[PDB]
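Subsequent text provides structure tokens for two forms of one protein chain, presented individually as structure 1 and structure 2.
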Structure 1
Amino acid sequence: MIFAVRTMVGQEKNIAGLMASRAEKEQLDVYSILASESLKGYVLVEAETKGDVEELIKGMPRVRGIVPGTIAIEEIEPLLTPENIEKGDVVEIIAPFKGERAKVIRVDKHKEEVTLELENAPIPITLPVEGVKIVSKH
């Protein structure tokens, strides 16, 4: 029974913060609130009833109203459970060298980068891990 609130874009986190506050102060049965970078314009609010949310957002600034229907906890699960490469793994670059296969040579667990020895043609390329998908594993 998770709801979806249409806000101003870029104010999702701001509004979530105040939603949390009003709900504790006013004792409304709001259980979690979710603001994902990928879900701009929307703050997901988990609540007992729609009325709670209508009472929550009543006179909220930069809030444009509640979207009809609920969203299930099936559909939110991708956003709530976001690598693990090893030196020697072969990968394909998915984002200047798109479609190019390459062996991994240095894995940066800190900067979350990966250093790649292309199969084609001459120098090591380093990429965020985001920009590469594993193809073979050794």
Structure 2
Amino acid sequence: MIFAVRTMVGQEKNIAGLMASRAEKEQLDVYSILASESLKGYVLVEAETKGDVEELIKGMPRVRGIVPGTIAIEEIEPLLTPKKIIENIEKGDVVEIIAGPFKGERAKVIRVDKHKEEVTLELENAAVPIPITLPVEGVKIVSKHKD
């Protein structure tokens, strides 16, 4: 059986980890845990019974209950092939321009515009003497910002 468990948004992978270690420690009949980025605020727990999942999450912080019913295997199959890997571009990230005349040119993200879905880029090529602005989708992450 597979159940959907509500979680704090952005903490799905962390709760899945905690669930996994708890399940092993306490020898609960929990066979897998799925956290899909298509199901934000939700972690799917595969177990023998609902009681196993109730035991699993008992007193677990940042978890707010099991969704009524079950999740059939048909609903899970599509989650195994995710689509549209929409990267989170941040200030300080090093990126590479995907297409166009500057294909392959690398740049540091000096600024990010969420309202417009754009990023401003200090290019490594000194031939372009000014930061240029592109849509997020014309760029891929080469290296994440360091902090």
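One-based numbering along structure 1's sequence throughout. Throughout, rigid core stands for the largest set of C-alpha atoms superposing within 1.5 Å between the two forms.
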Which residue in 29, 75, 112, 54 stands out, with a C-alpha shift of 2 Å or more between the two structures when both forms are set on the rigid core? 112
Displaced residue check between the two structures: residue 15, CA, 2 Å or over, core reference: no
Checking residue 43 here: with the core superposed, does its CA move 2 Å or more between the two structures? no
Rigid core fitted, is the C-alpha displacement of residue 6 between the two structures 2 Å or more? no
Students should find the CA displacement of residue 130 between the two structures, rigid core aligned, in Å, to be 9.8
